[PDB]
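Trainee: After the structure tokens below, expect a handful of questions from me.
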Amino acid sequence: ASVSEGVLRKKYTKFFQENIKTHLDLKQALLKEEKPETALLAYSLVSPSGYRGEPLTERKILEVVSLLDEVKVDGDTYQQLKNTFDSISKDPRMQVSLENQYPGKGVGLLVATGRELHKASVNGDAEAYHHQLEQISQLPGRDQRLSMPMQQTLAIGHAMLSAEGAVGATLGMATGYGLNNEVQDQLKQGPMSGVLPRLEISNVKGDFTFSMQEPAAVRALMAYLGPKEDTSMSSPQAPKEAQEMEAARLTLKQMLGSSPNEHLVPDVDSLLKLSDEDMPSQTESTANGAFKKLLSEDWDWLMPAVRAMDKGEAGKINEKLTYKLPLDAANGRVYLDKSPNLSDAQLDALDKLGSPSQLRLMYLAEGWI
Amino acid sequence: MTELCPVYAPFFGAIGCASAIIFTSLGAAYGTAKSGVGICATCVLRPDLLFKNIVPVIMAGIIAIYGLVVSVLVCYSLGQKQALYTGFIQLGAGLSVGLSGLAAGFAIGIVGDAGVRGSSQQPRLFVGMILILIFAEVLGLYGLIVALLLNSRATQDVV
Amino acid sequence: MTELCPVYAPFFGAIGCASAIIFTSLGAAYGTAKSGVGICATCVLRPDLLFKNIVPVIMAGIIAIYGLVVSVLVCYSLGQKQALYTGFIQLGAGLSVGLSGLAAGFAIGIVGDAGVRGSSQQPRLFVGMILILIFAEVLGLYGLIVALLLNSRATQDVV
Amino acid sequence: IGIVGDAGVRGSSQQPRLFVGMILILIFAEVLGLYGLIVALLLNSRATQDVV
């Protein structure tokens, strides 16, 4: 109802037939019709980074992200995303989020193997947490333009880190490469992520440009959309520079599904505790322990529990998820059942959350709650 | 060498010291494998009974500990110039603890599989499983006792 | 040659040095084959659990590493003019580590197959699979310990 | 190698991500014959040292 991609490289193959290797003199070749003002909008994805600081300026995936930037039918939803990005790119608060995920821009064989079997299992769980999360935003009431490609990027990024865990554990066990490029070529097959705008950054440290199909720029965008608004920056008492970067911030936080009351501060650190005043308020702390129970009892229980909660029917969770599996016993097949044993205390806490925001479920899939 | 202490005499001691840990490891491996298949088939439905059902695997590992004890105690009595009496005693002790541990491991594996699969749907069967597994554990204990009583006589007044 | 050191004496040492790596390779091959069939049947549906389920194959390869360690340590003690005591000790150490590794490899293969197939549809069964596989790994570890304690006595005060 | 290769080819016909897992398990099956080769070379290096 909100997203429909394709993989037809033969419908518009004239843009990829000749050896076009120049960012300049490509807008005339990208017109190709009697439409001019809307063919420039698909060129706006690569145009601020089309000259400054890049190698060879036309990599073979930079055209398919510009060809399949389908603005031909609809020119409203992508323009709203383009009016919001580069309006979000003004405060240092987005920029300090784009510096935490980055740098500056014998018995010892049993230990080093276990450090990389832990890496292959954490990233194998967290990849599966985004596959059952791209079918929660398939349910009615959600949206798919911002929710789908944001978490399709992360599921590719966890599939590569999980592959590097046990390829490294194999080459260390069989000793005490070309396999990482074979799996990198494999995960680009099949579908591909929807096009989001470019998120250029210009400041006193230079003029930077990130990609938003990188798993580290996605991971810093959702950390920006976390915290609630304050008493400042949205009142008309301060018309200075705030209302064009705060209403652009809240129109993405609502676009996931998070109301401006919802706080959602991250957790990962090297410290013991986080703080005192930004703590979850024991109604969602009881509820976050219920969602973690649904992630780690079954591979298929998070989607029909959010579906049962959008209808306001979050008290029938113990009965709508029960199913029976067989069991060979000493008396025959018995057909016992598996139910999520949600207690009444955390079944009540799922009621006071009206619907889980998509931003809350994506912090949960990254281990930030 | 000597008629009482020939040269082929440490062969029986080395065979006993090997066979103790070999047959107790086979018994422990059968018990661990059968009980682990039972646990992995059971705990798909009741993952909360996972650390409660781990008892037959531990009672299978105790048999391998018995074999390790007898192998160390036999191994610290080998010598180049020992008698045939010592080698025969060491071979008998190794065979005793090894085949007793093999029988106890088979019983622990079969009873543990049936007991875990039965106690998935009947919570009052767990203590009966523990009783029958203790009766399967004392067999390897009896083999350990016979091996220790043999090994205590391997070097008394031997010339 | 000598009555204590005959000419047929390195035969038992060569048989032990071979049999260590032979039986540990058979155990590791059974574990790798059974667990790999389980992984290839499981990961058609969940390819994201592919590098998480690779643990039983690694725990099967550690057994072959144990056999390689014992074969190298026995191989650097062979000689033309050794005693029968040394050859009997080397044969016992080889048989110990080989048959313990064979039993541990069978247990690791069966438990790893069942655990991967069960953990495809129950995410809380993976840690129980790891616990039972560690209990299957310590059996080959016990065989390695008995082989090292035998090999440490193969050349003490031998004439 | 035979059993794992049969299962891995039949599985990777319908799952393209299983090929690298097949290669990992086959490398773990290859190092066993490598270990046998190492033990054979270390034995053969001592077959004629100080033999009378």
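As shown in the structure tokens, the chain order sets the letters A, B, ...; within each chain, residues go from 1, and ligands are also counted from 1 in the order they appear.
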Counting only C-alpha atoms, give me one row per residue of chain B with an atom at most 7 Å from an atom of chain C, showing the shortest contact pair and its distance in Å to one decimal, sorted by chain then residue number, as a tab-separated table.

Mentor:
residue	atom	partner	partner_atom	distance
B:1	CA	C:3	CA	7.0
B:7	CA	C:4	CA	6.4
B:10	CA	C:85	CA	6.4
B:11	CA	C:88	CA	5.7
B:14	CA	C:92	CA	5.4
B:15	CA	C:92	CA	6.2
B:18	CA	C:96	CA	5.1
B:21	CA	C:96	CA	6.9
B:22	CA	C:100	CA	5.7
B:25	CA	C:100	CA	5.9
B:26	CA	C:103	CA	5.4
B:29	CA	C:107	CA	5.5
B:30	CA	C:107	CA	7.0
B:32	CA	C:136	CA	6.9
B:33	CA	C:107	CA	5.0
B:36	CA	C:111	CA	6.0
B:37	CA	C:114	CA	6.0
B:40	CA	C:115	CA	5.9
B:41	CA	C:118	CA	6.9
B:44	CA	C:122	CA	5.6
B:47	CA	C:124	CA	6.6
B:50	CA	C:128	CA	7.0
B:68	CA	C:142	CA	6.9
B:75	CA	C:150	CA	6.7
B:80	CA	C:85	CA	5.7

Trainee: Find the residues in chain A near chain D: any atom within 10 Å counts, using only C-alpha atoms. Write them as a PyMOL selection string.

Mentor: chain A and resi 163+166-167+169-171+173-175+179-180+182-183+186-187+189

Trainee: Considering only C-alpha atoms, can you say which of D:43, D:22, D:29, D:38 comes closest to residue 5 (chain D)?

Mentor: D:22

Trainee: Please identify every residue of chain C that has at least one atom no more than 6 Å from any atom of chain A, counting only C-alpha atoms, and report them as number ranges by chain.

Mentor: C: 48-49, 51-52, 122

Trainee: Go ahead and write the selection's residues with N, CA, C and O atoms as a compact mmCIF listing (two decimals), in the first residue's frame.

Mentor:
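Once written, part-v3.txt looks like this:
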# COMPACT_ATOMS: atom_id res chain seq x y z
N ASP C 48 20.15 -17.38 7.50
CA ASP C 48 20.76 -16.49 8.47
C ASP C 48 21.30 -17.22 9.70
O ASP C 48 22.08 -16.63 10.45
N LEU C 49 20.90 -18.47 9.92
CA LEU C 49 21.42 -19.28 11.00
C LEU C 49 22.56 -20.19 10.54
O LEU C 49 22.87 -21.17 11.22
N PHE C 51 25.96 -19.55 9.90
CA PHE C 51 27.23 -19.40 10.59
C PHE C 51 27.08 -19.50 12.10
O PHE C 51 28.08 -19.50 12.82
N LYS C 52 25.85 -19.59 12.59
CA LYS C 52 25.60 -19.84 14.00
C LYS C 52 25.63 -21.33 14.30
O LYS C 52 26.04 -21.73 15.39
N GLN C 122 13.28 -23.44 17.43
CA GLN C 122 13.26 -23.12 18.89
C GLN C 122 14.57 -22.38 19.21
O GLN C 122 15.59 -23.06 19.38

Trainee: Residues near region 45-48 of chain D, anyone? I mean within 10 Å using only C-alpha atoms, not counting same-chain ones fewer than 2 positions away, as a ChimeraX atom specification.

Mentor: /C:75-76,78-80 /D:40-43,50-52
